[PDB]
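Peer 1: Can you read through this structure? Questions will come right after.
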Amino acid sequence: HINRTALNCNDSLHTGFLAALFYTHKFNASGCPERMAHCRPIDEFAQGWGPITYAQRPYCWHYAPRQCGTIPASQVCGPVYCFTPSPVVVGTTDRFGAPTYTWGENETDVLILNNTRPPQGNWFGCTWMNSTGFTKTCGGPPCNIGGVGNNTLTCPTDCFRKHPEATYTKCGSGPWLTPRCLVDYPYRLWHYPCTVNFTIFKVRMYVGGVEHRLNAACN
Amino acid sequence: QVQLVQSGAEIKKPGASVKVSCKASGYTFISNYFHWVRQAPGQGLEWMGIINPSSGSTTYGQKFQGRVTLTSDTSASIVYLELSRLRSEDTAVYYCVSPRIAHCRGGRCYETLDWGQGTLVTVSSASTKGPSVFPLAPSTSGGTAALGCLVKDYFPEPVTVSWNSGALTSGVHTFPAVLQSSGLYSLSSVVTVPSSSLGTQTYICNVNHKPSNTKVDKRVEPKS
Amino acid sequence: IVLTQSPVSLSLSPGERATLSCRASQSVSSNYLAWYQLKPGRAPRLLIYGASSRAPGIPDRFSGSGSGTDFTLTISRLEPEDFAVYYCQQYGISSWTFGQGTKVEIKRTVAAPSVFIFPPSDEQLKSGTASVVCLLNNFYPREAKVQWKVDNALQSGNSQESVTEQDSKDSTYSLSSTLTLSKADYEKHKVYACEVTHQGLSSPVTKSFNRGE
Ligand SMILES: *[C@@H]1O[C@H](CO)[C@@H](O[C@@H]2O[C@H](CO)[C@@H](O[C@@H]3O[C@H](CO)[C@@H](O)[C@H](O[C@H]4O[C@H](CO)[C@@H](O)[C@H](O)[C@@H]4O)[C@@H]3O)[C@H](O)[C@H]2NC(C)=O)[C@H](O)[C@H]1NC(C)=O
Ligand SMILES: *[C@@H]1O[C@H](CO)[C@@H](O[C@@H]2O[C@H](CO)[C@@H](O[C@@H]3O[C@H](CO[C@H]4O[C@H](CO)[C@@H](O)[C@H](O)[C@@H]4O)[C@@H](O)[C@H](O)[C@@H]3O)[C@H](O)[C@H]2NC(C)=O)[C@H](O)[C@H]1NC(C)=O
Ligand SMILES: *[C@@H]1O[C@H](CO)[C@@H](O[C@@H]2O[C@H](CO)[C@@H](O)[C@H](O)[C@H]2NC(C)=O)[C@H](O)[C@H]1NC(C)=O
Ligand SMILES: *[C@@H]1O[C@H](CO)[C@@H](O[C@@H]2O[C@H](CO)[C@@H](O)[C@H](O)[C@H]2NC(C)=O)[C@H](O)[C@H]1NC(C)=O
Ligand SMILES: *[C@@H]1O[C@H](CO)[C@@H](O)[C@H](O)[C@H]1NC(C)=O
């Protein structure tokens, strides 16, 4: 099953990011302040109302992704994680859905991430690393919660302060459970390396009556 | 963008110690091991030792066991090489080198090697001395003459030589310096020119030796 | 783990094709074998890592290959900037070993040196030393023999020589030999000769002067 990991990595920007696929406690955080300053806390966004409809910097909770589709294995480096909100791994297949076991070397190899929100679907969103060390994420589609102004929020998580119906079941689009919490999982410190000092909490989540017991990392 | 930046050149006397530093810069996830390799003038490339900054474990090559010390400063992301009881044959360029995973395919990954820019260490009992510059006077009629400049007895390397303030570059040969048994360096720079220019073209060699602030503009003329 | 490169030197022409070899006493883990280009006064530049992977920017005309004990570096079409010394290195273990190198020089028609001799200047003689310089200018191949004769006595142990890098325009070498005496010895003898042996010379060539004329 490890053979179903797409491992098409190439550190051509000379970051050393491939190290963290193997060794632990290696992340340089000096650049996190300047990057995390681009994520606005929920209070700065505009209060929404009316009916909800469905619409970079993937380390911000408010990053509004596109729906998940099918991606070529050649652009994937390491395991793909999707969130139900519980974390699950999606491996390589050919274009027709049959699991493949060649580490994603074949050009016909894909990662089929096509998502429908549970309960009638598979998962809320997926996260993974592309070949040169950029974190990618997809899911949702996120929620248009209305509101006026230039600080209007396309909600991808539980944003209920800004719209009472913008819950994670309604709007969740990936691993961010709230604007402060994201699903813990064995590669979070790689995909979201600036969450290194987040605190790990035991939480419980309900999705159409199904209980999810999971660890969340929060700030 | 990964960059290993090493400290500047130094000149030590025999029996002394030197401590070269190598500073990691530009990593998003830092490497685990730092090696030092040496390149002596004329000779090849030689491994010296490995350090794991996290554990502090060092393993030195023989030939250097007992005189080398690899140390770390994990907060600073700086690694240090200390060589003691310095001999003259320790004159060399010292390189810090760090492996990093470059690419993965088909389930296995392959490391590459990042290199510092090198630190030169010169070990000499000598003291800063600027050069004496003597002419190599031209000896034809419609042939080629050679003239030149003998830059003798200086320390440390380097000197620079140019001809007529840079206006004469073709046909110039500035030879690699030779180290004389006195511990001082010697070099010659020559140029070929039309015989029919002698006593007509003015040939000046411009010698500069920054370590001693020596600057010499030697006219080279046919000897009487 | 000893690495043995071969050939030791190689003479070729731009646009032609060069094949270097690295054979390893033991086998090399992970094919962690690197090739470097070493140009005079420059830090070694990595060409190939993991036996076959080009480093960033390394032109497509360089390629590596091999496994276990026999590795190869090949240069498709030699350009001017590709002539240099090339080193192999294994790094499959913590104890790194290098090969001893392979120089790739431009091959060229045989060219005989122009020889010049230079007496010591009067300015240096005032100071108590005499340096006699013999110049061998623009020759190929680089094998050259210089013998100093003082009143027809073949000298030894009192001269140093130095050679330029191959010339970027005509691919020749040039050589400088300096004989250093004390002013007193220099004044004991009369005929100072430089005798040059080289391939493009049908017989040894001598330049000389009589001190004080
Ligand atoms: C891994 O993910 C990163 C982040 O998404 C990704 O980096 C991006 O790659 C694309 C394509 O290589 C870059 O897009 C280019 O940007 C420059 C600068 O603006 C443009 O000049 C380029 O123009 C091309 O496209 C135009 C049409 O839009 C053409 O008219 C033009 O002639 C060119 O063909 C192009 O838009 C993008 O800048 C980067 N971004 C970052 C942050 O690096 C990377 O490619 C992914 N890696 C892999 C292996 O897929
Ligand atoms: C990891 O990623 C690296 C970055 O992509 C890879 O290095 C790249 O590899 C590709 C494939 O060899 C190279 O593409 C070549 O580029 C040269 C450039 O030559 C110049 O002239 C051509 C026309 O002759 C022109 O089109 C260009 O604009 C250039 O001005 C071409 O000649 C080739 O045809 C080919 O396109 C990249 O250049 C190369 N980048 C660097 C800087 O190395 C590396 O291969 C990857 N590693 C692994 C293990 O996959
Ligand atoms: C999964 O999503 C992919 C998109 O990535 C779907 O494939 C696309 O299908 C549409 C038509 O429905 C085409 O217009 C696109 O050209 C296709 N693109 C790719 C990349 O295949 C795929 O059909 C989806 N599967 C499901 C379950 O709907
Ligand atoms: C840790 O990350 C910081 C921030 O990226 C690095 O410092 C930067 O270094 C680059 C390259 O030298 C400069 O262009 C930036 O201006 C620096 N910025 C800051 C915030 O200092 C630092 O090099 C990294 N440290 C290590 C150990 O790699
Ligand atoms: C995490 O905490 C460490 C000290 O424990 C600190 O040096 C580092 O900068 C912190 N990183 C972030 C992004 O808060």
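All residue names refer to the structure tokens as shown: chains lettered A, B, ... in order, residues numbered from 1 in each chain, ligands numbered from 1 in order.
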If you count only C-alpha atoms, which residues fall within 8 Å of stretch 146-159 of chain A, apart from same-chain ones fewer than 4 positions away, as a PyMOL selection string?
Peer 2: chain A and resi 42+44-52+55+61-65+140-142+163-164+166-174+176-179
Peer 1: Convert the current residue selection to file output with C-alpha atoms, as a PDB file, in the first residue's frame.
Peer 2:
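Wrote it out as out_20.pdb, contents follow:
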ATOM      1  CA  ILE A  42     -12.602  35.857  11.339  1.00  0.00           C
ATOM      2  CA  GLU A  44     -12.209  41.190  10.276  1.00  0.00           C
ATOM      3  CA  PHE A  45     -14.597  39.649   7.747  1.00  0.00           C
ATOM      4  CA  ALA A  46     -18.100  40.916   7.015  1.00  0.00           C
ATOM      5  CA  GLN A  47     -21.133  39.506   8.775  1.00  0.00           C
ATOM      6  CA  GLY A  48     -23.199  37.442   6.342  1.00  0.00           C
ATOM      7  CA  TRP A  49     -26.920  36.648   6.044  1.00  0.00           C
ATOM      8  CA  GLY A  50     -29.515  35.329   3.626  1.00  0.00           C
ATOM      9  CA  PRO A  51     -29.413  31.873   2.057  1.00  0.00           C
ATOM     10  CA  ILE A  52     -26.030  30.236   1.622  1.00  0.00           C
ATOM     11  CA  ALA A  55     -18.842  29.693  -4.762  1.00  0.00           C
ATOM     12  CA  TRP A  61      -7.887  29.048   7.247  1.00  0.00           C
ATOM     13  CA  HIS A  62      -9.907  31.382   5.018  1.00  0.00           C
ATOM     14  CA  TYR A  63      -8.298  30.065   1.838  1.00  0.00           C
ATOM     15  CA  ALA A  64     -11.282  29.288  -0.413  1.00  0.00           C
ATOM     16  CA  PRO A  65     -10.408  26.203  -2.462  1.00  0.00           C
ATOM     17  CA  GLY A 140     -15.817  22.177  -0.566  1.00  0.00           C
ATOM     18  CA  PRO A 141     -16.900  23.991  -2.676  1.00  0.00           C
ATOM     19  CA  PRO A 142     -16.780  26.751  -0.034  1.00  0.00           C
ATOM     20  CA  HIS A 163     -23.495  33.167   9.468  1.00  0.00           C
ATOM     21  CA  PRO A 164     -25.466  30.843  11.773  1.00  0.00           C
ATOM     22  CA  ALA A 166     -22.068  28.288   8.040  1.00  0.00           C
ATOM     23  CA  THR A 167     -21.128  25.207  10.024  1.00  0.00           C
ATOM     24  CA  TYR A 168     -18.394  22.721   9.165  1.00  0.00           C
ATOM     25  CA  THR A 169     -21.010  20.307   7.816  1.00  0.00           C
ATOM     26  CA  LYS A 170     -22.326  23.093   5.618  1.00  0.00           C
ATOM     27  CA  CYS A 171     -19.058  24.746   4.597  1.00  0.00           C
ATOM     28  CA  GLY A 172     -16.061  22.584   5.552  1.00  0.00           C
ATOM     29  CA  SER A 173     -13.646  22.390   2.643  1.00  0.00           C
ATOM     30  CA  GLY A 174     -10.627  20.604   4.023  1.00  0.00           C
ATOM     31  CA  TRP A 176      -9.658  23.484   8.963  1.00  0.00           C
ATOM     32  CA  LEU A 177     -12.388  22.631  11.497  1.00  0.00           C
ATOM     33  CA  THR A 178     -12.685  26.267  12.674  1.00  0.00           C
ATOM     34  CA  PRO A 179     -10.623  29.402  11.878  1.00  0.00           C
TER      35      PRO A 179
END
Peer 1: Would you name the residues within 10 Å of ligand 2, counting only C-alpha atoms and all ligand atoms, and put them as a list in words?
Peer 2: residues 8, 9, 10, 11, 12, 13, 131 and 132 of chain A; 102, 103, 104, 105, 109 and 110 of chain B; 49, 50, 52, 53, 54, 55, 56, 57, 58, 59, 60 and 61 of chain C
Peer 1: Produce as an NGL selection string the set of residues near ligand 4, where near means within 6 Å with only C-alpha atoms and all ligand atoms considered.
Peer 2: (:A and (28 or 30-31)) or (:B and (24-27 or 77))
Peer 1: Mind dumping the selected residues with N, CA, C and O atoms as a PDB file, in the first residue's frame?
Peer 2:
ATOM      1  N   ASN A  28      12.495  25.391   9.738  1.00  0.00           N
ATOM      2  CA  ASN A  28      12.893  26.759  10.025  1.00  0.00           C
ATOM      3  C   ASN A  28      11.631  27.624  10.016  1.00  0.00           C
ATOM      4  O   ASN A  28      10.972  27.768   8.983  1.00  0.00           O
ATOM      5  N   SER A  30      11.504  30.940  10.904  1.00  0.00           N
ATOM      6  CA  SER A  30      11.772  32.378  10.899  1.00  0.00           C
ATOM      7  C   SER A  30      10.864  33.141   9.935  1.00  0.00           C
ATOM      8  O   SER A  30      10.545  34.311  10.182  1.00  0.00           O
ATOM      9  N   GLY A  31      10.437  32.510   8.843  1.00  0.00           N
ATOM     10  CA  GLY A  31       9.574  33.164   7.887  1.00  0.00           C
ATOM     11  C   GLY A  31       8.089  33.082   8.175  1.00  0.00           C
ATOM     12  O   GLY A  31       7.291  33.652   7.419  1.00  0.00           O
TER      13      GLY A  31
ATOM     14  N   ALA B  24      24.741  28.039   7.579  1.00  0.00           N
ATOM     15  CA  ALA B  24      23.654  27.618   6.703  1.00  0.00           C
ATOM     16  C   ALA B  24      22.631  28.725   6.554  1.00  0.00           C
ATOM     17  O   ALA B  24      22.263  29.389   7.520  1.00  0.00           O
ATOM     18  N   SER B  25      22.155  28.905   5.332  1.00  0.00           N
ATOM     19  CA  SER B  25      21.261  30.000   5.009  1.00  0.00           C
ATOM     20  C   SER B  25      20.279  29.523   3.937  1.00  0.00           C
ATOM     21  O   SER B  25      20.632  28.729   3.057  1.00  0.00           O
ATOM     22  N   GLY B  26      19.039  29.990   4.027  1.00  0.00           N
ATOM     23  CA  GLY B  26      18.117  29.719   2.941  1.00  0.00           C
ATOM     24  C   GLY B  26      17.385  28.388   2.981  1.00  0.00           C
ATOM     25  O   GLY B  26      16.665  28.071   2.025  1.00  0.00           O
ATOM     26  N   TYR B  27      17.525  27.604   4.049  1.00  0.00           N
ATOM     27  CA  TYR B  27      16.805  26.344   4.178  1.00  0.00           C
ATOM     28  C   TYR B  27      15.365  26.592   4.660  1.00  0.00           C
ATOM     29  O   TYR B  27      15.119  27.444   5.525  1.00  0.00           O
ATOM     30  N   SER B  77      22.836  27.967  13.502  1.00  0.00           N
ATOM     31  CA  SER B  77      22.952  27.257  12.229  1.00  0.00           C
ATOM     32  C   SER B  77      24.342  27.434  11.625  1.00  0.00           C
ATOM     33  O   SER B  77      24.487  27.637  10.414  1.00  0.00           O
TER      34      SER B  77
END
Peer 1: Show which residues sit within 8 Å of residue C:152, as a PDB file with N, CA and C atoms, in the first residue's frame. Count only C-alpha atoms, and ignore same-chain residues fewer than 2 positions away.
Peer 2:
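Generated file (result17.pdb):
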ATOM      1  N   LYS C 149      72.604  26.066 -18.483  1.00  0.00           N
ATOM      2  CA  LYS C 149      74.032  25.806 -18.552  1.00  0.00           C
ATOM      3  C   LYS C 149      74.778  27.097 -18.233  1.00  0.00           C
ATOM      4  N   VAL C 150      75.734  27.007 -17.309  1.00  0.00           N
ATOM      5  CA  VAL C 150      76.542  28.142 -16.875  1.00  0.00           C
ATOM      6  C   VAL C 150      78.002  27.780 -17.130  1.00  0.00           C
ATOM      7  N   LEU C 154      75.828  22.035 -16.909  1.00  0.00           N
ATOM      8  CA  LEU C 154      74.416  21.801 -16.643  1.00  0.00           C
ATOM      9  C   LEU C 154      74.094  22.014 -15.166  1.00  0.00           C
ATOM     10  N   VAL C 191      79.156  32.597 -19.601  1.00  0.00           N
ATOM     11  CA  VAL C 191      78.132  32.189 -20.560  1.00  0.00           C
ATOM     12  C   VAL C 191      76.931  31.604 -19.821  1.00  0.00           C
ATOM     13  N   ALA C 193      73.318  30.014 -20.454  1.00  0.00           N
ATOM     14  CA  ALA C 193      72.565  29.438 -21.547  1.00  0.00           C
ATOM     15  C   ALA C 193      71.273  28.779 -21.065  1.00  0.00           C
TER      16      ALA C 193
END
Peer 1: Report, in Å to a single decimal, how far apart atom CA of residue C:29 and atom CA of residue B:101 are.
Peer 2: 15.1 Å
Peer 1: One decimal, Å: what's the distance from atom CA of residue B:18 over to atom CA of residue B:127, could you say?
Peer 2: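 If I compute the distance from atom CA of residue B:18 to atom CA of residue B:127, I get 17.4 Å.
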Peer 1: If we count only C-alpha atoms, what is near stretch 210-220 of chain B at a cut-off of 8 Å, once residues fewer than 5 positions away on the same chain are taken out, given as a ChimeraX atom specification?
Peer 2: /B:128-131,133-137,147-149,155-156,158-159,202-205
Peer 1: Taking only C-alpha atoms and all ligand atoms and a cut-off of 12 Å, can you tell me which residues surround ligand 3, written as a list in words?
Peer 2: residues 66, 67, 68, 69, 70, 71, 72, 73, 94, 95, 96, 97, 108, 109, 110, 111, 112, 113, 114, 115, 116, 121, 122, 138 and 139 of chain A
Peer 1: Identify, counting only C-alpha atoms and all ligand atoms, the protein, DNA and RNA residues located within 6 Å of ligand 5, and give them as a list in words.
Peer 2: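 Here is the list of contacting residues: residues 29, 32, 194 and 197 of chain A.
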Peer 1: For the residues in the current selection, export C-alpha atoms as an mmCIF file, in the first residue's frame.
Peer 2:
data_model
loop_
_atom_site.group_PDB
_atom_site.id
_atom_site.type_symbol
_atom_site.label_atom_id
_atom_site.label_comp_id
_atom_site.auth_asym_id
_atom_site.auth_seq_id
_atom_site.Cartn_x
_atom_site.Cartn_y
_atom_site.Cartn_z
ATOM 1 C CA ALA A 29 10.067 28.973 11.314
ATOM 2 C CA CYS A 32 6.262 32.208 9.534
ATOM 3 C CA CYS A 194 3.736 27.026 10.489
ATOM 4 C CA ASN A 197 3.392 25.211 17.909
#
Peer 1: Could you give me, as a PDB file with N, CA, C and O atoms, in the first residue's frame, the residues within 9 Å of stretch 179-187 of chain C, counting only C-alpha atoms and dropping anything in the same chain fewer than 4 positions from it?
Peer 2:
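Below you can see part_8.pdb, which holds the result:
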ATOM      1  N   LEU C 125      70.986  43.372  -9.449  1.00  0.00           N
ATOM      2  CA  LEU C 125      72.364  43.039  -9.093  1.00  0.00           C
ATOM      3  C   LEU C 125      72.867  43.905  -7.940  1.00  0.00           C
ATOM      4  O   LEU C 125      73.565  43.413  -7.048  1.00  0.00           O
ATOM      5  N   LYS C 126      72.510  45.194  -7.938  1.00  0.00           N
ATOM      6  CA  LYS C 126      72.808  46.052  -6.794  1.00  0.00           C
ATOM      7  C   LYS C 126      72.407  45.406  -5.480  1.00  0.00           C
ATOM      8  O   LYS C 126      73.111  45.549  -4.480  1.00  0.00           O
ATOM      9  N   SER C 127      71.293  44.682  -5.461  1.00  0.00           N
ATOM     10  CA  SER C 127      70.787  44.114  -4.220  1.00  0.00           C
ATOM     11  C   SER C 127      71.449  42.793  -3.841  1.00  0.00           C
ATOM     12  O   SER C 127      71.109  42.231  -2.789  1.00  0.00           O
ATOM     13  N   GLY C 128      72.342  42.255  -4.671  1.00  0.00           N
ATOM     14  CA  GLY C 128      73.075  41.057  -4.306  1.00  0.00           C
ATOM     15  C   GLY C 128      72.566  39.743  -4.873  1.00  0.00           C
ATOM     16  O   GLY C 128      73.178  38.700  -4.602  1.00  0.00           O
ATOM     17  N   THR C 129      71.485  39.751  -5.655  1.00  0.00           N
ATOM     18  CA  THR C 129      70.996  38.549  -6.316  1.00  0.00           C
ATOM     19  C   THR C 129      70.911  38.756  -7.824  1.00  0.00           C
ATOM     20  O   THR C 129      70.779  39.887  -8.318  1.00  0.00           O
ATOM     21  N   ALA C 130      71.020  37.648  -8.554  1.00  0.00           N
ATOM     22  CA  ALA C 130      70.783  37.601  -9.991  1.00  0.00           C
ATOM     23  C   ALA C 130      69.733  36.536 -10.286  1.00  0.00           C
ATOM     24  O   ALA C 130      69.905  35.372  -9.907  1.00  0.00           O
ATOM     25  N   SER C 131      68.649  36.929 -10.956  1.00  0.00           N
ATOM     26  CA  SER C 131      67.681  35.989 -11.514  1.00  0.00           C
ATOM     27  C   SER C 131      67.782  36.043 -13.023  1.00  0.00           C
ATOM     28  O   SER C 131      67.639  37.118 -13.614  1.00  0.00           O
ATOM     29  N   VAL C 132      68.023  34.898 -13.648  1.00  0.00           N
ATOM     30  CA  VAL C 132      68.004  34.795 -15.100  1.00  0.00           C
ATOM     31  C   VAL C 132      66.704  34.104 -15.478  1.00  0.00           C
ATOM     32  O   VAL C 132      66.366  33.045 -14.931  1.00  0.00           O
ATOM     33  N   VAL C 133      65.944  34.722 -16.365  1.00  0.00           N
ATOM     34  CA  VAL C 133      64.654  34.198 -16.769  1.00  0.00           C
ATOM     35  C   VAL C 133      64.774  33.694 -18.198  1.00  0.00           C
ATOM     36  O   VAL C 133      65.294  34.399 -19.075  1.00  0.00           O
ATOM     37  N   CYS C 134      64.318  32.464 -18.421  1.00  0.00           N
ATOM     38  CA  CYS C 134      64.153  31.894 -19.749  1.00  0.00           C
ATOM     39  C   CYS C 134      62.661  31.707 -20.015  1.00  0.00           C
ATOM     40  O   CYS C 134      61.946  31.129 -19.185  1.00  0.00           O
ATOM     41  N   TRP C 148      69.473  24.699 -17.772  1.00  0.00           N
ATOM     42  CA  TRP C 148      70.344  25.853 -17.622  1.00  0.00           C
ATOM     43  C   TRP C 148      71.806  25.407 -17.656  1.00  0.00           C
ATOM     44  O   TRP C 148      72.209  24.494 -16.920  1.00  0.00           O
ATOM     45  N   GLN C 155      73.204  22.965 -14.893  1.00  0.00           N
ATOM     46  CA  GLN C 155      72.829  23.314 -13.531  1.00  0.00           C
ATOM     47  C   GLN C 155      71.713  22.415 -13.010  1.00  0.00           C
ATOM     48  O   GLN C 155      70.995  21.770 -13.775  1.00  0.00           O
ATOM     49  N   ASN C 158      68.730  25.021  -8.624  1.00  0.00           N
ATOM     50  CA  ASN C 158      68.810  26.465  -8.435  1.00  0.00           C
ATOM     51  C   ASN C 158      67.875  27.201  -9.388  1.00  0.00           C
ATOM     52  O   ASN C 158      68.051  28.405  -9.637  1.00  0.00           O
ATOM     53  N   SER C 159      66.900  26.501  -9.945  1.00  0.00           N
ATOM     54  CA  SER C 159      65.921  27.100 -10.831  1.00  0.00           C
ATOM     55  C   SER C 159      64.539  26.577 -10.480  1.00  0.00           C
ATOM     56  O   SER C 159      64.385  25.420 -10.080  1.00  0.00           O
ATOM     57  N   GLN C 160      63.540  27.428 -10.656  1.00  0.00           N
ATOM     58  CA  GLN C 160      62.138  27.057 -10.527  1.00  0.00           C
ATOM     59  C   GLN C 160      61.441  27.408 -11.832  1.00  0.00           C
ATOM     60  O   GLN C 160      61.878  28.319 -12.548  1.00  0.00           O
ATOM     61  N   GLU C 161      60.383  26.667 -12.178  1.00  0.00           N
ATOM     62  CA  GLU C 161      59.656  26.966 -13.407  1.00  0.00           C
ATOM     63  C   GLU C 161      58.156  26.993 -13.166  1.00  0.00           C
ATOM     64  O   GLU C 161      57.654  26.465 -12.173  1.00  0.00           O
ATOM     65  N   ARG C 211      77.710  37.494 -19.864  1.00  0.00           N
ATOM     66  CA  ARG C 211      77.524  38.520 -18.838  1.00  0.00           C
ATOM     67  C   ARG C 211      78.354  39.764 -19.147  1.00  0.00           C
ATOM     68  O   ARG C 211      79.545  39.673 -19.448  1.00  0.00           O
TER      69      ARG C 211
END
Peer 1: For residue C:111, work out the shell of residues within 9 Å, counting only C-alpha atoms and skipping chain neighbours fewer than 3 positions away, then give it as a PyMOL selection string.
Peer 2: chain C and resi 108+138-141+172+199-201
Peer 1: May I have the residues from that selection written out with C-alpha atoms, as a PDB file, in the first residue's frame?
Peer 2:
ATOM      1  CA  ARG C 108      46.239  20.826 -31.341  1.00  0.00           C
ATOM      2  CA  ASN C 138      53.244  29.431 -27.029  1.00  0.00           C
ATOM      3  CA  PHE C 139      54.013  25.760 -27.610  1.00  0.00           C
ATOM      4  CA  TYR C 140      52.213  22.405 -27.792  1.00  0.00           C
ATOM      5  CA  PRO C 141      52.139  19.733 -26.403  1.00  0.00           C
ATOM      6  CA  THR C 172      49.092  26.604 -26.415  1.00  0.00           C
ATOM      7  CA  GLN C 199      58.639  17.990 -29.824  1.00  0.00           C
ATOM      8  CA  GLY C 200      58.225  20.635 -32.499  1.00  0.00           C
ATOM      9  CA  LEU C 201      61.994  21.257 -32.481  1.00  0.00           C
TER      10      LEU C 201
END
Peer 1: Any chance you could list, as a PyMOL selection string, the residues in stretch 44-187 of chain A that come up helix (DSSP H, G or I) when DSSP is run on the backbone?
Peer 2: chain A and resi 44+73-75+168-171
Peer 1: Let me see the file: selected residues, N, CA, C and O atoms, as a compact mmCIF listing (two decimals), in the first residue's frame.
Peer 2:
# COMPACT_ATOMS: atom_id res chain seq x y z
N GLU A 44 -12.40 40.15 11.27
CA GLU A 44 -12.21 41.19 10.28
C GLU A 44 -13.10 41.01 9.05
O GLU A 44 -13.22 41.94 8.25
N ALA A 73 -0.69 12.10 -11.15
CA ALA A 73 0.28 11.71 -10.13
C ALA A 73 1.62 12.40 -10.31
O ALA A 73 2.35 12.56 -9.32
N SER A 74 1.97 12.83 -11.52
CA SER A 74 3.29 13.40 -11.75
C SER A 74 3.50 14.65 -10.92
O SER A 74 4.64 14.97 -10.55
N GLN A 75 2.42 15.36 -10.59
CA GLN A 75 2.53 16.59 -9.82
C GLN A 75 2.36 16.38 -8.32
O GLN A 75 2.19 17.36 -7.59
N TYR A 168 -19.33 23.57 9.89
CA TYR A 168 -18.39 22.72 9.17
C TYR A 168 -19.13 21.74 8.26
O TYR A 168 -18.68 21.48 7.13
N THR A 169 -20.26 21.19 8.70
CA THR A 169 -21.01 20.31 7.82
C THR A 169 -21.50 21.05 6.59
O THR A 169 -21.55 20.49 5.49
N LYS A 170 -21.86 22.32 6.76
CA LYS A 170 -22.33 23.09 5.62
C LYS A 170 -21.18 23.55 4.73
O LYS A 170 -21.29 23.50 3.49
N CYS A 171 -20.07 24.00 5.33
CA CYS A 171 -19.06 24.75 4.60
C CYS A 171 -17.66 24.13 4.61
O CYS A 171 -16.80 24.59 3.86
Peer 1: Using only C-alpha atoms, which residues sit within 12 Å of residue B:44 once same-chain residues fewer than 5 positions away are excluded, as a list in words?
Peer 2: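 The filter keeps residues 37, 38, 39, 92 and 93 of chain B; 36, 38, 44, 85, 86, 87, 88, 89, 97, 98, 99, 100, 101 and 102 of chain C.
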Peer 1: Give me, as an mmCIF file with C-alpha atoms, in the first residue's frame, the residues of chain B touching chain C, with the criterion being at most 9 Å (counting only C-alpha atoms).
Peer 2:
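result.cif, freshly written:
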data_model
loop_
_atom_site.group_PDB
_atom_site.id
_atom_site.type_symbol
_atom_site.label_atom_id
_atom_site.label_comp_id
_atom_site.auth_asym_id
_atom_site.auth_seq_id
_atom_site.Cartn_x
_atom_site.Cartn_y
_atom_site.Cartn_z
ATOM 1 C CA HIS B 35 31.054 17.413 6.076
ATOM 2 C CA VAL B 37 36.569 18.352 2.634
ATOM 3 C CA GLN B 43 46.842 17.573 -4.824
ATOM 4 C CA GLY B 44 43.301 16.141 -4.836
ATOM 5 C CA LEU B 45 40.159 16.329 -2.719
ATOM 6 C CA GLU B 46 40.229 14.857 0.790
ATOM 7 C CA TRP B 47 37.407 14.139 3.247
ATOM 8 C CA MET B 48 38.030 15.305 6.797
ATOM 9 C CA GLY B 49 35.003 14.679 9.001
ATOM 10 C CA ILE B 50 31.240 14.650 9.513
ATOM 11 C CA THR B 59 33.530 11.156 13.004
ATOM 12 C CA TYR B 60 36.927 12.263 11.719
ATOM 13 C CA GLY B 61 39.061 10.717 9.034
ATOM 14 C CA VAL B 93 40.940 25.387 0.493
ATOM 15 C CA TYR B 95 35.039 23.296 2.004
ATOM 16 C CA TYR B 110 18.545 10.434 -4.146
ATOM 17 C CA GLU B 111 20.727 12.869 -2.211
ATOM 18 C CA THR B 112 22.798 15.659 -3.796
ATOM 19 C CA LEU B 113 25.572 17.777 -2.294
ATOM 20 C CA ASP B 114 25.513 21.505 -1.445
ATOM 21 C CA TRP B 115 28.917 23.219 -1.127
ATOM 22 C CA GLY B 116 30.233 26.250 0.673
ATOM 23 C CA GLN B 117 32.323 28.655 -1.349
ATOM 24 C CA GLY B 118 35.564 27.505 0.304
ATOM 25 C CA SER B 132 60.628 44.200 -5.859
ATOM 26 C CA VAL B 133 59.881 44.570 -9.563
ATOM 27 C CA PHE B 134 62.763 44.271 -11.994
ATOM 28 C CA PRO B 135 62.529 44.504 -15.788
ATOM 29 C CA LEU B 136 63.101 41.704 -18.256
ATOM 30 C CA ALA B 137 64.489 43.972 -20.943
ATOM 31 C CA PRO B 138 63.966 43.140 -24.642
ATOM 32 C CA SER B 139 66.990 41.644 -26.413
ATOM 33 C CA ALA B 145 60.279 40.665 -29.205
ATOM 34 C CA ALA B 146 59.534 39.582 -25.635
ATOM 35 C CA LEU B 147 59.704 41.883 -22.634
ATOM 36 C CA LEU B 150 59.961 40.019 -12.620
ATOM 37 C CA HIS B 173 51.357 35.854 -19.927
ATOM 38 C CA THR B 174 51.402 36.228 -16.167
ATOM 39 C CA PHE B 175 52.778 32.991 -14.778
ATOM 40 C CA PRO B 176 51.624 31.259 -11.609
ATOM 41 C CA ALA B 177 53.719 32.377 -8.691
ATOM 42 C CA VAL B 178 56.404 30.050 -7.379
ATOM 43 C CA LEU B 179 57.158 29.662 -3.680
ATOM 44 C CA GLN B 180 60.872 30.071 -2.974
ATOM 45 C CA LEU B 187 56.323 35.619 -10.460
ATOM 46 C CA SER B 188 57.063 36.877 -13.960
ATOM 47 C CA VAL B 190 55.766 38.719 -20.139
ATOM 48 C CA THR B 192 55.373 39.688 -26.997
#
